[PDB]
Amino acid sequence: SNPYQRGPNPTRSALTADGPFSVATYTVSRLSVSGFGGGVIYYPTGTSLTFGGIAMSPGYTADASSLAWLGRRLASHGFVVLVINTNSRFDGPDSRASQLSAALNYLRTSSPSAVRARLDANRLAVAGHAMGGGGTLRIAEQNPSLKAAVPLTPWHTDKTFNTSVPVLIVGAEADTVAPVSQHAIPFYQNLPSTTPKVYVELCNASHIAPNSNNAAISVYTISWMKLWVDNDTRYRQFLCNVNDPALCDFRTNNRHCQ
């Protein structure tokens, strides 16, 4: 019925560990590409199926290894994930958006045969950490074909984005680098009221929560991508009528629940 549906019926427990697909990696060298610093592609293996694609950006000073756990996690749940390195560690959020744009184009047009065979290039999304999350919001404004955006503890000087791309923002309660009051919450509040949007705030979490295995980030990221990239309504249960003790805040216009 849903040709994009992958994997067994989800449980919260299954979404806090690597999923039902084996994962292969492909290293994209900085020299092989223009518009971004290369990175790592996590993609399903031991399968003939195709999956949606995600381009993901790390934050200021950081490299692709800072989101390796999440690239592998998503890939293992049935996604093709390119975690980029940036041209410079010190690139800002709009530069990161440009590099996500180049990464998506690369994934679609120039990625290895091994990756394209597993990729449905009609079904793409973006995610990013901190300045990477800022980049995610910018590219969401520019590219209306994207299925979803997930900014993780995002940072941007721009507080105002216009997109119809569904957005789930993860804030960290104890974030002193991109405080939720100045970044995540303004981004959420200033998105259009007609766009499906969710904001989740992790209790006691720091700016670096997204850089290490994290159950809540795994659940909300997989669930948002599954719902929008795969049209997978089985993931509504994790994003609707939410009563999660890991969270210290939750805001939504509940446009994703029906």
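So that there is no doubt, residue numbering starts at 1 and follows the sequence shown.
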Review point. Comparing 169 to 177 with 83 to 91, where is the mean C-alpha B-factor higher?
Key: 169 to 177
Point to revise | Mean C-alpha B-factor comparison - 117 to 125 and 102 to 110, higher one | key: 102 to 110
Exercise for review: Would you mind checking which of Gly59, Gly46, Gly53, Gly38 has the top Cα temperature factor in the PDB entry?
Suggested key: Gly46
Review point. So where's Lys197 on the chain's Cα temperature factor ranking, which third?
Key: middle
Exercise for review: Would you mind ranking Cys203 by its C-alpha B-factor against the rest of the chain and naming the third, lowest, middle or highest?
Suggested key: highest
Practice item. Just say lowest, middle or highest third for the CA B-factor of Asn213 relative to the other modelled residues in its chain. Key: highest
Check your understanding: Against its chain's modelled residues, does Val33's Cα B factor rank lowest, middle or highest third?
Key -> highest
Review point. How does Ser145 rank on Cα B-factor within its chain, lowest, middle or highest third?
Key: middle
